[PDB]
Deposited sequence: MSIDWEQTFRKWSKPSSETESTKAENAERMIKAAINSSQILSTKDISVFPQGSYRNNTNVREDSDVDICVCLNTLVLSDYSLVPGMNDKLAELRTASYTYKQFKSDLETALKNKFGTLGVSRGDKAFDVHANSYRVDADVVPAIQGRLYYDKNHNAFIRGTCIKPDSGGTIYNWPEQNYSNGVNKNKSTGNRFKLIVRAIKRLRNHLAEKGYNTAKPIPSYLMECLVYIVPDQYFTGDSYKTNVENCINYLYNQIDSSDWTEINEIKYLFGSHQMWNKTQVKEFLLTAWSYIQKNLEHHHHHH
């Protein structure tokens, strides 16, 4: 296996029409909102997120992630500021539940009932008439306070799944930090993200169980953590090896964040843990070598 040529091939985008798919999904979801007499009067931002936005998508059948964010509903994380975490007696006019229901109705009115399915977190939209395949998430404004000052917060999005709980997302920070790192590495960062995502997909489809619990976004975060110096040179294989090496040797003592540099990459709030990452890294390290004499599951 020529891993240099394979990684160069695997560094490509899923296609050259990714911007087209993302913009078409965005515009059709905006049209769905604008046709809703309830939602068209609300303060709502519709924007792409996920791997299509970040140019890290590698699968052509990947749904476009569209965030529909109601800006006038706010949920804040006060856990970092001592003494910052009452209730008002008047109810807020619009609730997250009513917002998600009205979004469901708007999507169904625009794309038809066959094209919309309500999920726990987002709507799965598959509308052949408009050729839209999208994961459309209802979000509200999310805040992380870092001081007791009224303006001392970072702004992102917040999701309230049907099954309970609160999820904080930072899509703008994700995108912006990824672009910044791509500039600092002369575009090598996202090339290597895509190569490693395709490596993980390859391993998962070949039945390597260590690859299955390692999703795309986790790998984007992990590769983002690798210092820029390891992306230099003219060997993509050396870049991949540097990433695996750095991550494996630094993960145990680390307290890494996601690519947004706001949310912790590991903890009880995440679906993954350091052991799974380490097992995957060992699998990947062995798999790219030319001839292994021995195997490491001990």
property: Chain regions without C-alpha coordinates, deposited sequence numbering; result: 1-2, 88-89, 303
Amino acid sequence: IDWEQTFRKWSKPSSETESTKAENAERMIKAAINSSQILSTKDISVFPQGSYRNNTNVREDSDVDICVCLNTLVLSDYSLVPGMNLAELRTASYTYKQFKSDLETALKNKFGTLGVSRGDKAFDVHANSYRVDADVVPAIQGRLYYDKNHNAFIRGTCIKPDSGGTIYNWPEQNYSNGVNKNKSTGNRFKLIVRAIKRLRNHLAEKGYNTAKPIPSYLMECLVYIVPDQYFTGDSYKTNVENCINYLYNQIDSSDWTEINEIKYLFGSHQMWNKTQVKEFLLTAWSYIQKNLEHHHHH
From here on, numbers count along this sequence of modelled residues.
| item | value |
| --- | --- |
| Between 230-238 and 45-53 (mean CA B-factor, as deposited), the higher | 230-238 |
| Between 36-44 and 60-68 (mean CA B-factor, as deposited), the higher | 36-44 |
| Of the residues 151, 141, 216, 177, the one carrying the largest Cα B-factor as recorded | 151 |
| C-alpha B-factor winner, where the candidates are 119, 207, 165, 171 | 207 |
| Among modelled residues of the same chain, the CA temperature factor third for residue 271 | highest |
| Position of residue 189 among the chain's modelled residues by C-alpha B-factor, lowest, middle or highest third | lowest |
| Among modelled residues of the same chain, the CA temperature factor third for residue 282 | middle |
| Among modelled residues of the same chain, the CA temperature factor third for residue 197 | middle |
| Ranked C-alpha temperature factor of residue 261 among modelled chain residues, by third | middle |
